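Peer 1: Got a sequence here, can you model it:
(chains A, B, C, D and E)
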Amino acid sequence: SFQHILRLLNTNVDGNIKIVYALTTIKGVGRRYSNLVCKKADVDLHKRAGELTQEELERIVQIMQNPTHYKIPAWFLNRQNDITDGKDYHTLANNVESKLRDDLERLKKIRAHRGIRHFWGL
Amino acid sequence: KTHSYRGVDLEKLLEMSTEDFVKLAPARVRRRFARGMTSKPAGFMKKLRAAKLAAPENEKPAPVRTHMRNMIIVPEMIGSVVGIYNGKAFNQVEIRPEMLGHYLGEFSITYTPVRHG
Amino acid sequence: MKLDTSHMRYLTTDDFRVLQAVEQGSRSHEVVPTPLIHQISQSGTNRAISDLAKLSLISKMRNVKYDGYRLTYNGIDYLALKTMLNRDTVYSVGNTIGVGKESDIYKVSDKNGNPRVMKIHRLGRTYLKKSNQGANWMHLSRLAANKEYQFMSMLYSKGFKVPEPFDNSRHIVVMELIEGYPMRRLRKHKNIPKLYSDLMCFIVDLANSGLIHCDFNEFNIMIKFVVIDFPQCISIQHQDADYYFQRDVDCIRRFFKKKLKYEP
Amino acid sequence: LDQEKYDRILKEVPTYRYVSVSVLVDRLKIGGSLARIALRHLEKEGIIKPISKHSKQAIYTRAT
RNA sequence: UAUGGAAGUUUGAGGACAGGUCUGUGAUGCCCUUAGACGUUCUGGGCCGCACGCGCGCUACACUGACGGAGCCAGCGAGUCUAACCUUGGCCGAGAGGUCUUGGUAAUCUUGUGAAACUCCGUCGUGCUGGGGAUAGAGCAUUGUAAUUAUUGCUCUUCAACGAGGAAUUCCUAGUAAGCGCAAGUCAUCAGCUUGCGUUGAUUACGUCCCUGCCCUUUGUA
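Peer 2: Numbering: from 1, shown residues only, chains lettered A, B, ... in the order given. Provided below are the atomic coordinates:
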């Protein structure tokens, strides 16, 4: 029944603590986001991380990957209206790191200010 | 893959300018550049058409020395060359198609770095 | 504050000697009228004083009759820097200061173009409203430079790895740049075990004369050890010495736990 | 509990005159996480008298 | 004369000049520099730039606590005329903000400025932890011609050191220190600025010359 720290989406998501504050350790998701998704998982917030079997995990991750259809009104996601396509993404642990990393490159190729700041600044 | 502006490709990259190009753009463009009613011909529209008209047969268009940094890159100046005066002489910058959604001021750097070494 | 780098250059030939002329008499006559400069032409001395009185290297008392002077805290400064340049050192000041509390760290250019550290000794840096002129800023801070200066030279002669004093004249001590970084600001280092094994044994080095450092806590020395702010040390004759032993050690037993995680 | 300490602690500690929120952490038990809930239940179920009612400092009794 | 006294510390606490005025004159003299070198003006940039040393601050290292509800408690203020300030109310939107009408040139309306700390009841449990939000990105807003070198506001994400601070030093004797917010001035936007205002509200002497710095006596002599 009791399960502690788990390894999925490449991150050692901690056990034995409050349910919201386990997910926040993942890059790209935080206190409000792990709050609201734990509301949208239809799981109580006073439950701990010792619970949450695999199906309860699959509902959470299932919601977060398509957040606009499980009632998130597209003002709550982190990286909305991408400059590539126009869609609304919520970038996650290693999508967020290279997603935010490549933006420097797309401001270097165009020769924008901030990219050149980080170019000659290093 | 070409420059999908925000899900916008080539023909409607070239003409949606100033009417509905400003519509699908971020917050500093839409209602913000419901304003931007400035002297946009200046010596800009005439050199914008004559200077890109001054690219015959695989050639840089004629660089425009100008006195602006604040103008957002328009879809008509896609593939232009513009000198951007940054406190010293008209420092020539080519315009690229991926440059839309940015300021003319962000390319010509005004200050030099501190240069230790 | 009290010190100034501006006017050093613009004095003329006789000046340094005229500004010296008050100094030899100073030890005997500590109030020096105008002709008392002459013996040691009729253009020479006051055009120097016109500098020295208006450039504040000599104080002035106003009277109808000839006026007695007594040399100014500012005036020894360049007189020092005169013999300083004349031993050899201090071609120019450096752009990195270096401003401390009681002492002035100055990147300074010795002959050969050696960037090095100058230290001007005078206390309570701000010139202070509360001082009696001629002694407190000069003469107290004058002696005390050599008091420290010949300690380090004596303490470096011991052989412990420390800074070596280069030059001292008239409350100015110059020594090595001693690059390294203090542990007060310490950022990262991997190997403590012999580092601190040196440290706690560096103490019995400090204690090899029957002395104890008392500044050995943080903000003193750098990864070469490079150690500074020596003067506070305590003798074996010094009565309370045993209390200060665990003070020094344990405070650096303290530090490592937080930052670099080591325990003896 | 973590394996057994519901049944274990619920027999182990009505020891002293006074239990509280932070006294239960002294005995190297579960922290104020769930032992505070355990104060609500055993407060409720007869054992310790609520001579407080509330949060941070909750003055209580022994098993009476 | 401790007593009584609102108050027994001055009740208490404050409110002629080598000063400025030839740059004030709508009084009154002397000496200096002149034309490709006397100016007007447009646009852009900077006044933010950073190995740094020095100094004023703000916020932190929490469990006398962080967060979520709920209680709802002041004073100083100040506001639109030849024009759009303060804004109630009514909608819209998470929010920022936007819209439609109102009152107040003001003890009246904003506004009882329904402020904050605070209080109660909950979770959190000693873990760089949920303290902390450094820095940076996305989107959405407002001002202003213009915010790019990030104005400021909002939403999400990213979570830096700091585990109580060395030698040194600043300030302070009662509704005061400290903590808390508010108004006004600068002002198209903009406090972390200043000057006032009230709310919660200590400890510790009530003296001394150890230092510090200042006043004031006596002393020696050109």
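
Peer 1: Contacts only, for residue B:48.
Peer 2: For residue B:48, the contacting residues are B:64, B:76, B:77, B:80, taking CB atoms under 8 Å, 6 or more residues apart in numbering or on different chains as the criterion. Any C-beta I mention is one placed from the backbone N, CA and C, and that applies to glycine too.

Peer 1: And the residue of chain C that's closest to RNA strand E?
Peer 2: Here the residue of chain C nearest RNA strand E is residue C:219; by CB to the nearest atom of the strand that distance is 2.2 Å.

Peer 1: ok, now chain D?
Peer 2: For chain D, CB to the nearest atom of the strand, closest residue to RNA strand E: residue D:31, 2.2 Å.

Peer 1: Now do the same contact list for the residue of chain C closest to RNA strand E.
Peer 2: Under the criterion of CB under 8 Å, 6+ apart, the neighbours of residue C:219 are C:182, C:183, C:184, C:229.

Peer 1: What is the neighbour count of the residue nearest to the second one when sequence neighbours are not counted?
Peer 2: Spelled out, it's residue C:183. Nearest residue to residue C:183, sequence neighbours excluded (CB to CB, 6 or more residues apart in numbering or on different chains): residue C:218, at 5.5 Å. Burial of residue C:218 is recorded as 16 neighbouring residues (other CB atoms under 10 Å in any protein chain shown).

Peer 1: Next, work out how far apart residue C:218 and residue C:245 are.
Peer 2: Applying CB to CB, to the nearest Å, one obtains 17 Å for the distance of residue C:218 from residue C:245.

Peer 1: and if you look at residue C:174?
Peer 2: Separation of residue C:174 from residue C:245 (CB to CB): 33 Å.

Peer 1: okay, these two: which has more neighbours?
Peer 2: Neighbours of residue C:174 and residue C:245, each counted by other CB under 10 Å, are more numerous for residue C:174; the result is 22 against 15.

Peer 1: Regarding the more buried one, what is its secondary structure?
Peer 2: In three-state terms, and counting by DSSP: H, G, I helix; E, B strand; the rest coil, residue C:174 is strand.

Peer 1: Residue C:204 now?
Peer 2: Secondary structure state of residue C:204, per three-state DSSP, is helix.

Peer 1: can you count the residues close to it?
Peer 2: Using other CB under 10 Å, residue C:204 has 9 other residues around it.

Peer 1: And the longest helix that chain D contains, how far out from the chain middle?
Peer 2: Counting residues, the longest helix found in chain D (DSSP state H) is helix D:35-44. Computed by CA atoms, centre = their mean, to the nearest Å, the separation of helix D:35-44 from the middle of its chain amounts to 6 Å.

Peer 1: Mind checking if that helix is in reach of chain A?
Peer 2: No: under the criterion of CB under 8 Å from any CB of the partner chain, chain A is not reached by helix D:35-44; the shortest gap measures 9.3 Å.

Peer 1: neighbouring contacts of that helix?
Peer 2: In this structure, residues lying in contact with helix D:35-44 by CB under 8 Å, 6+ apart are D:9-10, D:19-21, D:24-25, D:29-30, D:48-50, D:58, D:60.

Peer 1: Was I right to think residue C:141 contacts residue C:121?
Peer 2: Yes: taking contact to mean CB atoms under 8 Å, the distance of 5.1 Å between residue C:141 and residue C:121 places them in contact.

Peer 1: Show me whatever sits in contact with both of those two.
Peer 2: Contact with both residue C:141 and residue C:121 is made by residues residue C:171, according to CB under 8 Å, 6+ apart.

Peer 1: which strands and helices sit next to the strand or helix carrying residue C:116?
Peer 2: Secondary structure assigned from DSSP states H and E places residue C:116 in strand C:114-121. The helices and strands touching strand C:114-121, judged by 3 or more CB pairs under 8 Å, 6 or more residues apart in numbering or on different chains; DSSP states H and E, are strand C:103-110, helix C:141-156, strand C:172-175.

Peer 1: in it, what counts as buried?
Peer 2: The neighbour-count check on strand C:114-121 (16 or more other CB atoms under 10 Å in any protein chain shown) flags C:116, C:117, C:118, C:119, C:120, C:121 as buried.

Peer 1: Quick one: end-to-end distance for stretch C:130-145.
Peer 2: End-to-end distance for stretch C:130-145, by CA to CA, to the nearest Å: 22 Å.

Peer 1: what residues does that stretch touch?
Peer 2: Contact with stretch C:130-145 is made by C:2, C:30, C:59, C:70-73, C:76, C:121-123, C:127-128, C:168, C:170-173, as judged by CB under 8 Å, 6+ apart.

Peer 1: What subset of those is buried?
Peer 2: Buried among the contacts of stretch C:130-145 (16+ other CB under 10 Å): C:2, C:59, C:70-73, C:76, C:121-122, C:168, C:170-173.

Peer 1: For residue C:252, the count of nearby residues, please.
Peer 2: Close neighbours of residue C:252, defined as other CB under 10 Å, add up to 19.

Peer 1: Quickly find the element holding residue B:65.
Peer 2: Per DSSP H and E: strand B:64-66 holds residue B:65.

Peer 1: Each with direction, which strands does that strand pair with?
Peer 2: With DSSP bridges as the criterion, the sheet partners recorded for strand B:64-66 are strand B:81-85 (parallel).

Peer 1: next structured bit after the partner strand?
Peer 2: Past strand B:81-85, the next helix or strand by DSSP H and E is strand B:90-94.

Peer 1: how about the helices in chain C?
Peer 2: C:13-28, C:35-38, C:44-54, C:73-87, C:141-156, C:193-206, C:241-258.

Peer 1: Quick check: the gap between residue B:2 and residue B:23.
Peer 2: Here the distance between residue B:2 and residue B:23 works out to 21 Å (CB to CB).

Peer 1: can you give me the helices in the chain?
Peer 2: Using chain A here. Going by DSSP H, chain A shows helices at A:20-23, A:31-40, A:54-65, A:95-108, A:113-120.

Peer 1: Let me rephrase: I mean chain D.
Peer 2: Taking DSSP H as the criterion, chain D carries its helices at D:5-12, D:35-44.

Peer 1: Contacts only, for the most centrally placed residue in chain B.
Peer 2: The residue lying closest to the centre of chain B (CA atoms, centre = their mean) is residue B:73, at 2.9 Å. Shown in contact with residue B:73 (CB under 8 Å, 6+ apart): B:95, B:99, B:100, B:101, B:102, B:103, B:104.

Peer 1: Now the second one, what are its backbone angles?
Peer 2: The main-chain torsion angles of residue B:99 are listed as degrees, to the nearest 10 and equal phi -80, psi -10.

Peer 1: Now do it: how many residues are near it, please.
Peer 2: What residue B:99 shows, counting by other CB under 10 Å, is a neighbour count of 23.

Peer 1: ok, now the one 4 residues further on?
Peer 2: In terms of burial, residue B:103 registers 16 neighbours under the definition other CB under 10 Å.

Peer 1: and of the helices and strands packed on strand C:114-121, who's closest to residue B:51?
Peer 2: For the helices and strands packed on strand C:114-121, the distance to residue B:51 is smallest for strand C:103-110, at 53.2 Å, taking CB to CB.

Peer 1: gap between that closest one and the chain center?
Peer 2: 10 Å.

Peer 1: what do you get for stretch B:35-51?
Peer 2: Between the centre of stretch B:35-51 and the centre of its host chain there is 11 Å, according to CA atoms, centre = their mean.

Peer 1: Now do the end-to-end distance for it.
Peer 2: First residue to last in stretch B:35-51 (CA to CA) measures 26 Å.

Peer 1: Ok, stretch C:57-69 next?
Peer 2: Using CA to CA, the span of stretch C:57-69 from its first residue to its last is 11 Å.

Peer 1: what do you get for stretch B:53-62?
Peer 2: Looking at stretch B:53-62, the gap from its leading to its trailing residue is 8 Å under the measure CA to CA.

Peer 1: does chain A sit close to that stretch?
Peer 2: No: using CB under 8 Å from any CB, stretch B:53-62 stays clear of chain A, coming no nearer than 15.7 Å.
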